[PDB]
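Below, chain A is the first sequence line, B the second, and so on; all start at residue 1. Counting convention: from 1, in listed order, for ligands and their atoms alike.
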Amino acid sequence: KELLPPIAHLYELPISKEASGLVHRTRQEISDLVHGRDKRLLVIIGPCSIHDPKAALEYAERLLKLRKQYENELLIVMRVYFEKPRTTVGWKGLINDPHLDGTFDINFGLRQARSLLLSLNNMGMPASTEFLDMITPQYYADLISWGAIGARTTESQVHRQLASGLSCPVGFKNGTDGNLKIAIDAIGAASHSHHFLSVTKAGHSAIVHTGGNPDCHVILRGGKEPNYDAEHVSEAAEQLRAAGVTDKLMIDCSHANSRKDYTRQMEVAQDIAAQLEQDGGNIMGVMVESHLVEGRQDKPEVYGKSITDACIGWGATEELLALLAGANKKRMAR
Amino acid sequence: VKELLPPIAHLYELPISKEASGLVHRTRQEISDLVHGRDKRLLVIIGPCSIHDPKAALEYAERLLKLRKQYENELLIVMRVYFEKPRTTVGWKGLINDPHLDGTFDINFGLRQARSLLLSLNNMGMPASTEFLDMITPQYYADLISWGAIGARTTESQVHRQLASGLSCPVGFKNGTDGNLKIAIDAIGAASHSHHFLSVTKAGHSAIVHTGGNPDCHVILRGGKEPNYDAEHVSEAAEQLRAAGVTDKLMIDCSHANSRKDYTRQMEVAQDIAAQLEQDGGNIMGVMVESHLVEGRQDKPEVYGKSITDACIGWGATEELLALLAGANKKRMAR
Amino acid sequence: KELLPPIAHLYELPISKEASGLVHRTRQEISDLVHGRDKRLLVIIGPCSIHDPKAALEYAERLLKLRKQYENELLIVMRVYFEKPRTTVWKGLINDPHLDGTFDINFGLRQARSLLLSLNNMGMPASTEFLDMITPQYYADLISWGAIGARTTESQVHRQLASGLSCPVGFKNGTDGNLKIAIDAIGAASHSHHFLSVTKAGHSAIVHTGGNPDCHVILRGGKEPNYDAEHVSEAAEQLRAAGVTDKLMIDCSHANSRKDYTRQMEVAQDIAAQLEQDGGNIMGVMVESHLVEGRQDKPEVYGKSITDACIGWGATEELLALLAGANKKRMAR
Amino acid sequence: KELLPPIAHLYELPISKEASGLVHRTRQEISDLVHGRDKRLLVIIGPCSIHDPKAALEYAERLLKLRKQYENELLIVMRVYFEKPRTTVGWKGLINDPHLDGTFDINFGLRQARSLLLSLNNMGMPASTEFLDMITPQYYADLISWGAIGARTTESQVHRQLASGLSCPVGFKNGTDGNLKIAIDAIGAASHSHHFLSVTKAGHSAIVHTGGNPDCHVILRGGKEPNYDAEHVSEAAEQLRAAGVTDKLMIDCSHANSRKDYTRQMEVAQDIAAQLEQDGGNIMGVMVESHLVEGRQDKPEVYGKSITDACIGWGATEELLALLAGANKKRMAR
Ligand SMILES: [Mn+2]
Ligand SMILES: [Mn+2]
Ligand SMILES: [Mn+2]
Ligand SMILES: [Mn+2]
């Protein structure tokens, strides 16, 4: 079927002066955290997945107030995930199936994704996403300040190539059973130049030559056991130094670190807060699964509630952000 | 950003012949038979870790073809013709990506040579197998491939499971690099279903594709932190496959983590499989073997017929290993 | 530079159910006139060129009332021509929508499709001249009648194009009056052709067309005017000799009025007289009309042409009443 | 149906150093003629249409010997016409239907046309053709030293735009009834820059901005009456100067100047030969319909015989060229 190329969506929704400026600078600001030049804490926070742009915009307006408030301690960027990797099968996100009913209206979904990202950046909220597909990025990577490569794809050569050509910093998650070396290796690969086949903005396949991405880091997201504590952070930091790549890392409070219990994301954040207080020198960022309303639901019946992984609600979100900001204020004072 | 010819340009210059088309169609059907337990021959995916020299490849194929015919009642021999290689971090990604082996990345030439070699192989009677790594290169030559692999590093990847769901050949999913078998079992489940995703057409344009699912996927045991080739591991995998409601017939890789990356250990693994086939071995439908004209590996392509990637057994050792497997499977089939 | 393909525009501006029905119906009604099943007179009327969407909609709202009023005698369809072909030298609303040498073709094609959809949606069907081989895919779905101009009637590329169009097509005689080239064009366009074209996705392809059975000639003058009974009778003779339809359209403007735009009325009266006497070979007329009569080099006066001079609204009422009255009498025989 | 783009053909049949040099040199030589820097006579000579590459190459090998023999007096370039305009319907040429059987194998036809042109340039014979289609030129214009726009398309805006973007000199024929102003007007238009839609080497439609073609001229090819004589040449020269364009022009010995009778081309050439002897300062070239065997045939039964317009045969061709060379040697001595 008949896919509109990126240029069609770029013509309807060109990046504005403000969005372009916000993306450019947030990427720069994140590079400084990745390389230990600034000691603010990157916070990637928001829904497991976007299934309703309206709830997403409401969420973003609340989050914007806290982004501003804590701007000296925390660098807040919203989770805006449009592509979801499933264990076997299931809804792959808003792009793949925006009407949430098996109609796979991908043109509508890409348009909605771009429109949401443009609106977010226009309001002052930078955005992040996981890059899962090789073709979808040309539709909206210009509006992304930070990207993730998921646990299920960190070891994949086509995803490392993708990352090597992205203009934003990229986090690589450790593997689903806890393997960190694949992520360390991914930084090596993505940091170098690659030649590979991709698709242009006009929608045609082409040979691209990337320059490499100097702003990649790892993300600790648990395995058979959680890997967020000081002992794990120290082990990982030594392995990063050994490989000659940045030893500054991100810690995901959710997924296999909370072991799929949204109420434990706060516990993880408190452990991180104590590391920042005691030392915490290898930590540059945290990831949190958060929505307007806590929990999850199989069907999109309740507004502002996840249909994928369970999230903390808005009030726990305010608490969690206050805790990290206070803890990092103390770290930054040393 | 450089000037890629679309699949239709290569297809025009190198159209599939009646003979190649018959060989592919038959070989896929025969392999399907093995996957679903209808025939008890052993699929043998055998040849170089990587193809870097089409002359040496054609010579290899010539020698192998005699053995394919000789052992045809006990073994279904298909050549490894791997054109895309995953690197640990960085390095030469294969003949397609850089066919002149010097960082000129002449991909139009690479794709052309890959198709030419596959067409020449099928025309001489040797079916071909490859690892599908890239999302766009398959359209250039998948019509000439009888069996496909998704590698250990990409079995968990949703975009690779999608690709597999639209392939017309049977597909083997390798267990993960540390030993995880569940990802490959999950992959069979995923690739067996219909998917909708973005891909590139034969004309070189991006499009929405809707696949029908691939009913002929299976797992490949290739070792992890510890090897997983033995009877206990096979029995344990078979139980997991049945619990997930997918085929309990599997393939065993003698190389990579099952040989502890020591090419001289491939024969020990094959000897263990032979022993399983003689005793029972009902869940084994195939084996994988990294093999070339000359054993070992080299950083540079100085020696003819010697791998520049993973180390391989040599030709003599290939005769030994194939004879061992054909003997042992003859007995399995007899009962 | 970076051309959006037709599918980008078709996505933002899908044809409505109402527009689709109007185009479908009007094409058929026109075909009925081309082949003598109905004796209403097609009238292709409106500006020489469209340079202002706002004025074009205002003109359409006025024309719509007369379209309905005269519907038993006349089939009124608006002229929505975006440009000229030049002898040489403003390059039309598509090729240059900002009227300033910036050639913003993406914007121009978008604006063209937008206007055509709005026109169809209000009940006014639209006609245009197809000048190039690529632009038609962006809006031919909104066109009820197409023209091939005098300067391109003889061209094999344009005959091919016409053979694949889903609307009826009029071929103008040559710039110096040559009628044979238009007669030959109908014959060429009625057949199947294989040739290279561009798809709605923006890619070159081989297309195989089925032929267009609803083509006709248009008399637009030359070395001398060719609107009178004598010239109409000779054309009809030549048409029947070539085995194609002997129903034709008369352009009141261009080389039939020459240097006086007000002569369109005289041509129209001569046509009225033919209709009253007999006039059996006339299926249509073309008229260059706008809100305000005349022309201007620069777009200062609202609703006045910036290409060829046009009769104004009051004279348009006059000319349509005249034609409707005359054709009423022809249909009553 | 499934059209290979130009790049597919360019990859299989890249232009050689030799062909590239011959085309560059020949284009420059022809420009010098159009602008009166040189008084050699351009001679565009060969079949009405190509229906058989084998005969065309045999024809070229004979013509090369004369090309070389007359090089100080004549600039001989072969007619290699692959696209034919029909009065109503009929075979449109080798590209459109190479197997001459209603199969329209256009991929094969383009491949065969490019192959022939490359072979011709490689043997030392430059080539000319009529550019009828908007899309086919990308496949082989790099191998063409001179182009024609036909009588039936000279008045066409799209053909004038096409001409404005070509790298070769272009001749515009007067209209089919004898109108010369359309060709004079065409030179005007094709000398300007244009913006229009075209198709790329990769097979995608795009906006192209051409720089104008400063090497255009008119071709006198007859109308109701012929227009080859001194008086018509003299009339056309005055109008060229009046429009401010080159008053050097080309005369077609065939088509409407021969009343469609192949035995009259020699009479036209003889008239031209007298003008060249008397004065003939405004003539820069001639066009002649020539083949191995004279006349025409309905089916491709006889080898080297036209299936379109009737042509003079090889013997008459030698006579005609000797005549023009002898006459122009004298013009050039003054
Ligand atoms: Mn999640
Ligand atoms: Mn290997
Ligand atoms: Mn006009
Ligand atoms: Mn001819």
Side-chain angles (χ1 to χ4, degrees), chain A residues 44-50 79 81 83-87 90 93 130 148 150-152 173 221-222 252-258 262 265 287-291 296 306-312, chain C residues 44-50 79 81-87 92 129 147 149-151 172 220-221 251-257 261 264 286-290 295 305-311, chain D residues 44 46-50 79 81 83-87 90 93 129-130 148 150-152 173 221-222 252-258 262 265 287-291 296 306-312:
Chain A
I44 298 300
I45 181 160
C48 174
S49 63
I50 304 292
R79 270 187 65 105
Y81 282 43
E83 318 187 307
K84 303 311 287 176
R86 313 306 305 238
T87 301
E130 177 188 334
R152 294 171 190 77
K173 288 193 140 188
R221 54 72 74 191
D252 182 0
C253 295
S254 200
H255 306 103
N257 277 333
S258 70
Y262 72 90
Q265 289 192 71
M287 174 177 288
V288 175
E289 284 193 308
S290 159
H291 223 316
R296 70 170 299 280
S306 186
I307 63 168
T308 50
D309 300 327
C311 294
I312 62 176
Chain C
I44 301 298
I45 181 159
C48 172
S49 68
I50 297 296
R79 253 186 84 97
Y81 283 40
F82 293 101
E83 194 189 350
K84 285 272 215 162
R86 314 305 293 228
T87 316
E129 172 180 344
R151 294 169 185 76
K172 296 194 135 197
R220 50 70 76 197
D251 187 0
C252 297
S253 196
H254 303 105
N256 277 330
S257 63
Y261 77 81
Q264 297 189 76
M286 181 181 283
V287 175
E288 288 191 305
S289 153
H290 222 323
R295 72 171 302 290
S305 180
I306 65 171
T307 52
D308 295 341
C310 297
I311 64 170
Chain D
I44 297 293
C48 176
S49 64
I50 299 306
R79 265 182 76 100
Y81 281 43
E83 312 185 305
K84 306 305 302 181
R86 315 307 306 239
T87 299
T129 198
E130 175 185 338
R152 298 173 186 69
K173 295 200 135 179
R221 52 74 73 193
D252 188 357
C253 304
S254 199
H255 299 107
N257 273 339
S258 65
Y262 75 89
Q265 297 189 63
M287 173 176 290
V288 174
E289 289 196 310
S290 163
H291 220 321
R296 64 170 307 285
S306 179
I307 64 171
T308 51
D309 296 328
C311 299
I312 61 167

Asks: How many degrees, to 10°, between C:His254 NE2 and C:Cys48 SG as seen from the Mn ion (ligand 3)?
Replies: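 Here the angle at the metal atom is close to 170°, to 10°.
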Asks: Roughly how far, to the nearest 0.5 Å, is OG of A:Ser254 from CD1 of A:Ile312?
Replies: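 The CD1 atom of A:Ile312 sits 9.0 Å away from the OG atom of A:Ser254.
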Asks: Considering non-hydrogen atoms only, spot the tightest contact between D:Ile307 and D:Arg296 and give its length.
Replies: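 For D:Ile307 versus D:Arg296, the nearest heavy atoms are O-NH2, 3.1 Å.
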Asks: Looking only at N, O or S atoms, which one in C:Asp308 sits nearest to the Mn ion (ligand 3)?
Replies: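 Of all N, O or S atoms in C:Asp308, the Mn ion (ligand 3) lies closest to OD2.
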Asks: If I take atom CD from residue C:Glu288 and atom NE2 from residue C:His254, how far apart are they, to the nearest 0.5 angstrom?
Replies: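 The distance works out to 3.5 Å.
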Asks: Of all N, O or S atoms in D:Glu289, identify the one at the shortest distance from the Mn ion (ligand 4).
Replies: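 Distance check against the Mn ion (ligand 4) picks out OE2 in D:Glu289.
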Asks: With rounding to the nearest 0.5 Å, note down the distance linking CD1 in C:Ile44 to OG in C:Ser289.
Replies: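 Reported value, rounded in 0.5 Å steps: 12.5 Å.
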